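Below is one structure, written out as structure tokens, with a few remarks after it.
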Amino acid sequence: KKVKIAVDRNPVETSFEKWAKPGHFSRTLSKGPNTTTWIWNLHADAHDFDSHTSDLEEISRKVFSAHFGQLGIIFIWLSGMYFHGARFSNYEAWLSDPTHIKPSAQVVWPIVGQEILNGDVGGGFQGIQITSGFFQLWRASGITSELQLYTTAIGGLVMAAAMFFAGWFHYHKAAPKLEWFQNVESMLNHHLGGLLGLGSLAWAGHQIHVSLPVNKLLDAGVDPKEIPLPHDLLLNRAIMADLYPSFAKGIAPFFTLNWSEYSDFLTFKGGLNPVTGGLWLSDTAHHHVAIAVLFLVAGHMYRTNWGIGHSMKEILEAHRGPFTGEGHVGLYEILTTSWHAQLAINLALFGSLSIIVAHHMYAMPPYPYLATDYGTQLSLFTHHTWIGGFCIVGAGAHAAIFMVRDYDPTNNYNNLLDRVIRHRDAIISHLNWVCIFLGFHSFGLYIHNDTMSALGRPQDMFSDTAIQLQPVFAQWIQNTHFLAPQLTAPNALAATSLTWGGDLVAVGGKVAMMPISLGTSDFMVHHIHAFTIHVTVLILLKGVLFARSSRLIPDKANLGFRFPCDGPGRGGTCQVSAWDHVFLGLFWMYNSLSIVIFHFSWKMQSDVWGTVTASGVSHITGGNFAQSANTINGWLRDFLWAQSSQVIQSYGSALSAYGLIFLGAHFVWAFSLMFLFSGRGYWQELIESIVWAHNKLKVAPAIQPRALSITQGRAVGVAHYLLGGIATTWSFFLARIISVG
Amino acid sequence: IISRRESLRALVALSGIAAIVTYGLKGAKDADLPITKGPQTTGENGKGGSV
Amino acid sequence: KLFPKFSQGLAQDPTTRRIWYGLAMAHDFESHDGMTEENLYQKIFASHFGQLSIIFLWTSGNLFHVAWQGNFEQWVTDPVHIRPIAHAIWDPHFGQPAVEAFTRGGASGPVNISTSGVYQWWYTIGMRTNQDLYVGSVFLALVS
Amino acid sequence: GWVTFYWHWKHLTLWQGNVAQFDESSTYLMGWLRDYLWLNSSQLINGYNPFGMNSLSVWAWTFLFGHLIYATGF
Amino acid sequence: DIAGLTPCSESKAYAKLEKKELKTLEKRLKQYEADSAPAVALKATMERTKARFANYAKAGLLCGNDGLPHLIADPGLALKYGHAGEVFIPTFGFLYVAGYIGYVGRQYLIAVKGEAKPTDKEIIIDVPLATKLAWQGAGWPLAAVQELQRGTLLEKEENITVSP
Amino acid sequence: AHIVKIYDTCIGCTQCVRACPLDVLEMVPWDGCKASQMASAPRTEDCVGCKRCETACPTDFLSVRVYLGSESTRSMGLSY
Amino acid sequence: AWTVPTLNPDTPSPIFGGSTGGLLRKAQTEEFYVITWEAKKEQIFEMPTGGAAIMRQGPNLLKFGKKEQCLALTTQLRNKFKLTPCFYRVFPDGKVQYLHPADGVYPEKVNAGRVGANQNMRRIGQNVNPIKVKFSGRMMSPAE
Ligand code: CLA
Ligand code: CLA
Ligand code: CLA
Ligand SMILES: CCCCCCCCCCCCO[C@H]1O[C@H](CO)[C@@H](O[C@H]2O[C@H](CO)[C@@H](O)[C@H](O)[C@H]2O)[C@H](O)[C@H]1O
Ligand SMILES: CC1=C(C/C=C(\C)CCC[C@H](C)CCC[C@H](C)CCCC(C)C)C(=O)c2ccccc2C1=O
């Protein structure tokens with residue numbers, strides 16, 4: 001059996017002896033400090049497992065049990081939210097009136113006057129109005145009681161200690177060998193089939209047998225203490241046949257292939273559930289069934305111990321063409337003896353999945369009473385774009401680390417990876433052009449509209465009453481996908497969302513989802529998005545391809561991944577390393593994603609969100625997006641100034657914490673400019689002047705004060721730039737959208 | 001007319017002469033330059049609000 | 001090769017920072033090539049004439065555009081409600097709403113309200129008529 | 001910038017007449033933000049809009065022009 | 001009434017703002033049953049609030065044009081008019097604790113340099129040593145001014161310089 | 001043409017020469033050290049001034065020393 | 001025994017399909033630097049201009065546009081593979097100049113017969129003040 005369990009018994013003694021000696025992992029740190037750069041290099045090099053040792057087996061065991069540590073912390077984090085969902089919440093009261101009672105699950109302690117953050121969220125309850133949307137998960141899960149939240153919180157603590165056991169066991173007691181990890185055929189067969197396939201089979205079975213009969217009784221209208229408990233929905237088939245009359249046929253229509261007889265509770269409805277605003281749950285049930293059958297089929301693709309199935313070395317080495325030399329030869333060997341090469345491809349798509357998730361959830365809101373909660377909708381979009389955006393920059397960072405550390409010029413000869421480096425000047429320069437092309441022809445349209453509107457020439461702007469730049473292609477797709485149930489998807493009862501066209505869903509006198517009409521302001525801002533992503537690509541891909549060498553510095557890989565510079569010579573070589581390109585890319589990721597979440601938070605408030613009266617529905621900001629997003633001054637006036645009037649005068653209320661962090665993150669943002677502008681050799685000399693006054697009063701420390709390193713003072717700078725930048729928009733968005741929505 | 005460098009330097013400069021010295025009087029189009037118009041209705045009010 | 005006449009070490013520079021450092025250390029007289037201390041003080045002393053001749057040409061410019069395009073003779077009589085005028089506007093990029101929105105202060109064409117406040121300084125040192133302001137402009141233009 | 005924020009805003013509240021609107025709000029930094037920068041930039045940023053424009057549009061344009069040179073400095 | 005001021009027990013914008021806050025709490029209190037803990041919490045907020053106004057007027061805090069407690073940070077105008085508790089008492093209540101933390105941290109660094117490698121005992125704080133200096137540093141001004149008289153507080157020009 | 005001038009505090013451990021990415025430095029005999037050698041810079045026409053030499057000198061207040069002078073097409077590190 | 005080897009361009013290049021990081025128009029006007037080594041066996045090195053080239057047995061001729069691009073090639077040819085290369089400097093009038101083992105022995109080891117230029121028989125802390133070297137024709141460091 002080439003695919004087999006292979007571990008090593010007791011590699012590391014479970015002992016506190018190495019906790020006594022910090023910096024024990026590295027040669028350069030184990031000799032103790034003499035300098036405050038020791039304790040920063042301790043935390044910097046702590047999880048740099050490739051730099052501790054050279055053994056790939058010892059690296060692999062370290063990242064395998066650290067992943068149990070991250071999963072074990074997520075299980076604490078989930079079990080916190082079910083516990084704070086249970087003991088300090090209004091989820092009992094929220095289910096009876098989920099239109100007026102604001103979701104709240106954080107309650108503060110009345111000490112310094114901070115009990116004013118316990119707002120009047122309704123439901124006989126005081127607490128911080130949450131926006132993470134767990135109450136919409138739980139109605140979609142059919143929880144209906146705070147007993148169920150408490151039992152799955154205890155189930156979360158149990159699972160977290162099991163995950164902490166597992167990382168302890170699979171590192172200290174019985175840790176795997178190297179060729180266990182290098183069975184990537186067996187890993188994908190198990191993860192596509194068992195994790196993704198059987199997971200969505202199991203969750204569909206939760207949706208068939210628990211969530212569908214509970215949420216059918218909630219939509220038909222039953223108080224949640226009167227609904228049958230979901231174990232009674234298992235043991236009694238006669239209850240299920242009352243709601244969906246095809247459970248009386250049992251599981252006979254499945255094996256007799258009479259699957260059309262399951263049409264009551266596996267549907268293809270589409271659109272939205274008009275009672276609750278969310279997606280249809282029977283639609284999501286047939287979703288996760290058909291997802292599961294797809295992944296279990298795809299989970300039997302790769303060859304492990306019997307000759308059937310594909311082998312990824314042969315799949316890669318066969319796809320070779322006349323333009324690319326050897327083709328994909330040698331990519332299997334570098335995606336199996338390098339974690340950073342795995343981590344780059346993983347963080348790319350997993351970050352790109354998060355932005356797929358964010359865009360597919362305002363438009364197709366999967367949870368009951370999710371869409372009318374405008375606070376949850378704004379946060380669940382905004383969060384999952386940022387979490388995507390960091391992970392995409394992490395793809396650029398750890399691809400560069402592959403090029404510096406784990407790249408092998410020997411085994412990479414005239415494959416794709418060798419030929420990308422050999423025309424890396426053509427790659428960056430044609431990308432340099434299209435960023436400059438997108439720079440003028442997207443942002444200069446805004447400067448044109450600023451100038452024409454300031455010069456009293458509104459007929460010469462780029463707007464709808466002026467030179468019209470319509471998004472012809474995206475308006476064409478909305479005319480097709482709304483007409484898709486006509487003949488291209490004839491079994492759909494409605495469209496796949498309501499952005500494509502049609503009518504709105506009114507739930508509780510508020511718009512769940514209405515159609516989105518794209519205009520010239522939507523044209524300009526989508527090309528702003530194309531601009532900022534191509535520049536973010538430009539910086540990160542320059543760091544990947546010029547990680548090893550350039551015409552500037554030929555021996556750059558010998559200097560490593562994270563170095564400051566090569567000195568002031570040849571004009572200056574500040575920020576030439578591949579660390580420094582993923583330093584600069586974080587600002588453009590910040591610059592790209594801020595305009596994404598600004599274009600979300602103002603298109604929805606102008607053209608989607610708002611109260612409906614069946615009398616000419618009014619939106620939140622009155623319908624002023626295409627009227628005003630032509631100009632930078634429109635983004636200044638109508639978005640950053642008009643909508644800031646709920647974060648600046650929110651004092652004396654529960655939203656006053658958002659007013660503090662609005663000033664708090666305006667501080668921390670600007671605090672970063674002390675680090676982003678200045679440099680070390682100033683601050684080291686200033687320390688010498690104050691070590692002098694500490695020498696004079698005999699309080700000279702033994703761990704000697706040094707200024708922060710060159711790369712560290714940059715890394716402190718971009719960390720406080722992003723923390724002060726994002727938490728500004730966090731508190732701006734939430735203090736806006738909790739009040740007006 | 002012009003074939004060398006200093007002949008072309010004269011012709012570009014004299015063509016810049018011939019446009020601009022006319023543009024102030026004959027070349028200010030009725031639709032292009034609203035400053036070269038007549039004094040229209042109002043505008044000469046105080047700066048607003050208070051003093 | 002010729003533009004930094006002061007620094008021949010910049011004249012041997014084949015790159016484009018030759019232009020940038022020809023500008024920025026052109027007034028760093030202590031580091032020019034062949035500079036002596038008698039040659040140092042003479043270029044500083046003539047440059048102070050260059051600063052003075054700019055200031056008086058600048059101030060004679062303020063006296064001219066107020067005397068010609070300003071409303072100083074109208075502002076003398078009512079110095080509270082009439083707003084001051086710096087210099088009239090000729091921007092051919094304007095539109096017609098941007099002509100009539102900048103006509104203010106009782107003037108004919110578009111104007112700029114002078115916030116520098118040289119009317120209040122001139123009104124209290126005896127200036128009353130525009131003919132007293134042209135004479136001051138021609139005087140400083142001679143002195144410049 | 002700190003001496004001129006304090007000069008201007010104590011003089012705005014003096015010249016408007018609401019001399020107590022400073023002393024209530026100058027004691028804490030939100031009143032610097034929502035009563036001096038937010039409140040007094042109402043007619044500035046309205047120098048040009050899609051409704052029209054007025055005499056403040058040359059100072060409205062420069063106010064965005066100043067933010068542009070500033071950020072180009074970073 | 002020291003510098004254009006007034007006692008907060010005597011001003012009326014102070015009492016107007018007290019009645020402003022209790023108005024906001026009571027119109028927030030009205031949404032709940034009289035047994036409910038979201039109303040028990042708000043009535044406990046009021047009795048912390050109303051005692052707070054009673055205690056600020058009890059201490060004789062100075063209000064002004066805005067009806068807020070204004071502080072007088074000058075001895076001779078606080079000692080004379082009975083306001084040393086505003087600034088002049090906590091300016092020594094602080095500077096006891098401040099130089100306490102300084103002296104304990106001083107004595108820990110002085111008594112660690114005579115060792116094998118003192119940099120190790122700035123990571124790993126000798127807790128039986130550090131707590132011992134923590135308790136016995138409680139008379140630190142009595143110990144510092146005796147060290148101030150010797151010349152052992154100030155190290156001489158053994159200190160490190162660049163180019164004098 | 002950058003100005004590289006070294007000093008008598010050299011000990012001749014020749015780490016500056018091995019660190020120089022442009023062969024500016026070489027090792028000349030000199031009796032003022034145990035290793036009987038002191039560096040020399042006969043090729044400062046080729047120097048960029050990237051200061052990899054004086055990142056590598058062990059001696060306090062570095063023995064090798066680079067003064068950034070006037071930049072030719074070799075000092076700016078140009079393939080063009 | 002050693003003196004000044006010459007060049008023939010007949011010697012074969014490494015097998016490399018060409019990169020865009022190679023020479024530029026500076027090679028046709030100013031200078032370009034060629035590098036030679038004698039390889040024992042056929043193996044795969046990294047080009048300093050990005051990519052990977054394979055060396056062949058015998059002499060190997062390669063050309064670059066910088067001096068660091070050649071010495072960052074010998075650095076991985078001497079430390080990794082224990083070869084002994086040497087690179088030259090070719091001018092577009094055909095003139096060639098010998099550069100790296102300029103007296104045969106590599107510059108980390110003493111040749112006892114190379115001349116100690118650019119040295120100060122004094123300590124770096126014993127420089128003069130810039131007031132003494134002021135007005136030295138051009139701007140001048142006190143370390144001269
Ligand atoms: C799957 C996720 C993942 C994983 C496993 C890694 C793993 C690694 N990364 Mg990596 N990275 C990721 C995502 C990931 N990264 C992303 C998303 C980015 C883009 C932001 C980067 C950018 C990046 C860079 C630029 C570098 C690494 C480095 C490293 C290595 C060592 C990290 C270390 O020891 O730091 C230990 C952990 C810390 C020092 C903590 C950092 C403190 C953060 C910045 C503060 C923020 C915390 C919180 C959000 C703020 C609120 C806290 C509150 C108290 C205020 C290790 C291989 C380094 C490396 O390989 O060096 C050669 C390196 O230089 N990564
Ligand atoms: C069908 C079997 C199966 C399943 C379900 C998984 C599941 C998982 N593997 Mg995995 N793996 C498998 C087979 C399987 N593996 C095989 C055969 C190999 C060898 C080729 C590996 C090698 C491997 C590596 C190297 C890594 C994983 C990781 C992961 C986790 C992904 C993290 C995530 O997305 O959260 C999903 C989380 C959940 C679904 C929560 C449920 C967790 C369950 C209870 C544990 C997984 C089931 C377990 C494999 C069955 C054995 C039970 C145990 C008692 C013996 C996830 C728990 C990564 C990880 O997180 O490390 C810990 C990781 O680094 N796997
Ligand atoms: C608002 C501030 C600002 C501006 C304008 C720029 C501008 C630019 N950056 Mg940039 N940058 C900034 C802040 C800014 N940056 C910050 C804060 C950082 C820190 C991390 C960076 C980091 C950064 C990197 C890392 C990169 C850029 C890049 C670019 C260029 C791409 C855009 C382009 O070509 O469009 C064209 C220019 C504009 C749209 C500016 C407005 C000009 C208008 C439209 C017309 C021009 C006026 C006209 C000619 C009239 C002239 C009058 C006459 C008298 C002269 C461009 C030069 C990328 C680059 O150079 O490659 C493409 C790149 O790689 N920048
Ligand atoms: C993990 C293994 C995968 C398979 C999943 C098994 C999960 C365990 C579920 C056990 C719960 C009991 O499930 C099962 O109980 C009863 C006994 O047939 C069935 O109940 C049915 O059968 C009884 C006798 O036949 C009658 O009262 C009715 O026909 C009807 O109530 C339920 O339709 C079914 O839900
Ligand atoms: C301010 C600044 C510094 C100075 C920052 C100093 C060195 C560090 C800031 C304080 C550190 C975090 C020490 C404070 C906490 C210590 C652990 C001591 C704790 C003692 C009590 C507070 C518990 C730099 O070193 C620097 C370097 C490069 C570019 C820019 C800069 C820069 O802008």
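Within each chain, counting starts at residue 1; across the structure tokens, chains are named A, B, ... in the order shown, with ligands numbered 1 upward in that order.
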Please find the residues of chain C near chain D - the criterion being any atom within 10 Å, counting only C-alpha atoms - and write them as a ChimeraX atom specification.
/C:97-104,110-113
Closest-contact table, chain G side, partner chain C, 8 Å, counting only C-alpha atoms, as JSON lines:
```
{"residue": "G:135", "atom": "CA", "partner": "C:36", "partner_atom": "CA", "distance": 5.9}
{"residue": "G:136", "atom": "CA", "partner": "C:34", "partner_atom": "CA", "distance": 7.7}
{"residue": "G:137", "atom": "CA", "partner": "C:34", "partner_atom": "CA", "distance": 4.3}
{"residue": "G:138", "atom": "CA", "partner": "C:33", "partner_atom": "CA", "distance": 4.4}
{"residue": "G:139", "atom": "CA", "partner": "C:31", "partner_atom": "CA", "distance": 4.8}
```
How would the residues just chosen look if you wrote them out with N, CA, C and O atoms as an mmCIF file, in the first residue's frame?
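New file selection_9.cif:
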```cif
data_model
loop_
_atom_site.group_PDB
_atom_site.id
_atom_site.type_symbol
_atom_site.label_atom_id
_atom_site.label_comp_id
_atom_site.auth_asym_id
_atom_site.auth_seq_id
_atom_site.Cartn_x
_atom_site.Cartn_y
_atom_site.Cartn_z
ATOM 1 N N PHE G 135 35.513 75.255 0.643
ATOM 2 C CA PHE G 135 36.074 75.968 -0.506
ATOM 3 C C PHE G 135 37.269 75.210 -1.072
ATOM 4 O O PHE G 135 38.354 75.755 -1.266
ATOM 5 N N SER G 136 37.044 73.930 -1.346
ATOM 6 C CA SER G 136 38.026 73.045 -1.961
ATOM 7 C C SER G 136 37.783 72.898 -3.452
ATOM 8 O O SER G 136 37.974 71.824 -4.026
ATOM 9 N N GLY G 137 37.347 73.969 -4.101
ATOM 10 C CA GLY G 137 36.957 73.888 -5.489
ATOM 11 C C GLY G 137 35.545 73.369 -5.604
ATOM 12 O O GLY G 137 34.616 74.143 -5.830
ATOM 13 N N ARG G 138 35.367 72.066 -5.423
ATOM 14 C CA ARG G 138 34.058 71.438 -5.423
ATOM 15 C C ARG G 138 33.672 71.091 -3.994
ATOM 16 O O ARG G 138 34.438 71.304 -3.053
ATOM 17 N N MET G 139 32.468 70.554 -3.820
ATOM 18 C CA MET G 139 32.084 70.074 -2.501
ATOM 19 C C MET G 139 32.829 68.780 -2.217
ATOM 20 O O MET G 139 32.980 67.924 -3.092
#
```
Protein and nucleic residues near ligand 1, 7 Å, only C-alpha atoms and all ligand atoms, as a ChimeraX atom specification:
/A:43-49,343,347,390-394,397-398,401,561-562,579,582-583,586,719,723
Atoms kept (N, CA and C atoms) for selection, written as a PDB file, in the first residue's frame:
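Final output, saved to out_4.pdb:
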```pdb
ATOM      1  N   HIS A  43       8.688  37.024  18.182  1.00  0.00           N
ATOM      2  CA  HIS A  43       7.323  36.919  17.700  1.00  0.00           C
ATOM      3  C   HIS A  43       7.242  36.942  16.187  1.00  0.00           C
ATOM      4  N   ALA A  44       8.261  37.459  15.511  1.00  0.00           N
ATOM      5  CA  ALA A  44       8.233  37.493  14.057  1.00  0.00           C
ATOM      6  C   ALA A  44       8.578  36.141  13.466  1.00  0.00           C
ATOM      7  N   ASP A  45       9.601  35.484  14.006  1.00  0.00           N
ATOM      8  CA  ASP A  45      10.080  34.205  13.511  1.00  0.00           C
ATOM      9  C   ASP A  45       9.398  33.025  14.175  1.00  0.00           C
ATOM     10  N   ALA A  46       8.298  33.258  14.885  1.00  0.00           N
ATOM     11  CA  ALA A  46       7.722  32.227  15.742  1.00  0.00           C
ATOM     12  C   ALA A  46       7.057  31.138  14.928  1.00  0.00           C
ATOM     13  N   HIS A  47       6.277  31.529  13.933  1.00  0.00           N
ATOM     14  CA  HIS A  47       5.552  30.591  13.099  1.00  0.00           C
ATOM     15  C   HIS A  47       6.178  30.468  11.729  1.00  0.00           C
ATOM     16  N   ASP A  48       7.389  30.984  11.559  1.00  0.00           N
ATOM     17  CA  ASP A  48       8.149  30.805  10.330  1.00  0.00           C
ATOM     18  C   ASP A  48       8.804  29.430  10.405  1.00  0.00           C
ATOM     19  N   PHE A  49       7.982  28.394  10.209  1.00  0.00           N
ATOM     20  CA  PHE A  49       8.409  27.025  10.489  1.00  0.00           C
ATOM     21  C   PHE A  49       9.439  26.542   9.485  1.00  0.00           C
ATOM     22  N   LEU A 343       0.367  27.224  -0.106  1.00  0.00           N
ATOM     23  CA  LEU A 343      -0.312  28.299   0.614  1.00  0.00           C
ATOM     24  C   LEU A 343      -0.641  29.471  -0.292  1.00  0.00           C
ATOM     25  N   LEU A 347      -4.559  30.453  -0.555  1.00  0.00           N
ATOM     26  CA  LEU A 347      -5.029  31.771  -0.133  1.00  0.00           C
ATOM     27  C   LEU A 347      -5.547  32.617  -1.285  1.00  0.00           C
ATOM     28  N   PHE A 390      -7.415  40.375   2.276  1.00  0.00           N
ATOM     29  CA  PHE A 390      -6.182  40.032   2.967  1.00  0.00           C
ATOM     30  C   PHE A 390      -5.615  38.722   2.467  1.00  0.00           C
ATOM     31  N   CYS A 391      -6.471  37.718   2.283  1.00  0.00           N
ATOM     32  CA  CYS A 391      -6.012  36.415   1.831  1.00  0.00           C
ATOM     33  C   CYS A 391      -5.477  36.457   0.410  1.00  0.00           C
ATOM     34  N   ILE A 392      -5.955  37.382  -0.415  1.00  0.00           N
ATOM     35  CA  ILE A 392      -5.401  37.508  -1.755  1.00  0.00           C
ATOM     36  C   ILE A 392      -4.014  38.138  -1.705  1.00  0.00           C
ATOM     37  N   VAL A 393      -3.800  39.085  -0.793  1.00  0.00           N
ATOM     38  CA  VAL A 393      -2.456  39.625  -0.618  1.00  0.00           C
ATOM     39  C   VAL A 393      -1.543  38.576   0.001  1.00  0.00           C
ATOM     40  N   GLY A 394      -2.100  37.687   0.823  1.00  0.00           N
ATOM     41  CA  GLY A 394      -1.326  36.571   1.330  1.00  0.00           C
ATOM     42  C   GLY A 394      -0.924  35.580   0.264  1.00  0.00           C
ATOM     43  N   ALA A 397       2.134  37.200  -1.060  1.00  0.00           N
ATOM     44  CA  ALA A 397       3.256  37.142  -0.139  1.00  0.00           C
ATOM     45  C   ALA A 397       3.901  35.772  -0.141  1.00  0.00           C
ATOM     46  N   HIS A 398       3.105  34.725  -0.014  1.00  0.00           N
ATOM     47  CA  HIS A 398       3.649  33.388   0.100  1.00  0.00           C
ATOM     48  C   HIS A 398       3.963  32.753  -1.242  1.00  0.00           C
ATOM     49  N   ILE A 401       7.603  34.005  -1.278  1.00  0.00           N
ATOM     50  CA  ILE A 401       8.406  33.198  -0.367  1.00  0.00           C
ATOM     51  C   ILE A 401       8.788  31.879  -1.013  1.00  0.00           C
ATOM     52  N   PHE A 561      13.883  36.800   1.489  1.00  0.00           N
ATOM     53  CA  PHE A 561      12.562  37.360   1.260  1.00  0.00           C
ATOM     54  C   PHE A 561      12.412  38.701   1.958  1.00  0.00           C
ATOM     55  N   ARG A 562      12.515  38.704   3.271  1.00  0.00           N
ATOM     56  CA  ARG A 562      12.299  39.902   4.063  1.00  0.00           C
ATOM     57  C   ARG A 562      13.655  40.476   4.429  1.00  0.00           C
ATOM     58  N   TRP A 579       9.126  41.129   0.258  1.00  0.00           N
ATOM     59  CA  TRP A 579       8.297  41.514   1.394  1.00  0.00           C
ATOM     60  C   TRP A 579       7.724  42.902   1.183  1.00  0.00           C
ATOM     61  N   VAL A 582       4.557  43.186  -1.001  1.00  0.00           N
ATOM     62  CA  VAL A 582       3.325  42.831  -0.312  1.00  0.00           C
ATOM     63  C   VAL A 582       3.108  43.723   0.891  1.00  0.00           C
ATOM     64  N   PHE A 583       4.089  44.564   1.205  1.00  0.00           N
ATOM     65  CA  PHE A 583       3.859  45.743   2.030  1.00  0.00           C
ATOM     66  C   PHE A 583       3.028  46.774   1.287  1.00  0.00           C
ATOM     67  N   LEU A 586      -0.806  45.963   0.399  1.00  0.00           N
ATOM     68  CA  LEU A 586      -1.831  46.084   1.426  1.00  0.00           C
ATOM     69  C   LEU A 586      -2.516  47.434   1.378  1.00  0.00           C
ATOM     70  N   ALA A 719       0.322  47.933   9.607  1.00  0.00           N
ATOM     71  CA  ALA A 719      -0.630  47.302  10.511  1.00  0.00           C
ATOM     72  C   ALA A 719      -1.503  48.330  11.205  1.00  0.00           C
ATOM     73  N   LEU A 723      -5.512  48.910  10.523  1.00  0.00           N
ATOM     74  CA  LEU A 723      -6.382  48.868  11.693  1.00  0.00           C
ATOM     75  C   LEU A 723      -7.087  50.197  11.897  1.00  0.00           C
TER      76      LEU A 723
END
```
Just asking: which residues within chain E are strand (DSSP E or B) according to DSSP, as a VMD selection string?
chain E and resid 6 to 7 62 to 63 70
What residues of the protein or nucleic acid chains come within 8 Å of ligand 5 when you use only C-alpha atoms and all ligand atoms? Reply as JSON, numbers by chain.
{"A": [672, 673, 674, 675, 676, 677, 678, 679, 680, 681, 682, 683, 684, 687, 705, 706, 707, 708, 709, 710, 711, 712, 713, 714, 717]}
Contacts between chain C and chain A, please, where a residue of chain A counts if it comes within 9 Å (with only C-alpha atoms); show its shortest atom pair and distance in Å to one decimal, rows by chain and ascending number, as a Markdown table.
```
| residue | atom | partner | partner_atom | distance |
| --- | --- | --- | --- | --- |
| A:452 | CA | C:95 | CA | 8.5 |
| A:454 | CA | C:98 | CA | 7.6 |
| A:455 | CA | C:94 | CA | 5.1 |
| A:456 | CA | C:98 | CA | 4.8 |
| A:457 | CA | C:95 | CA | 5.5 |
```
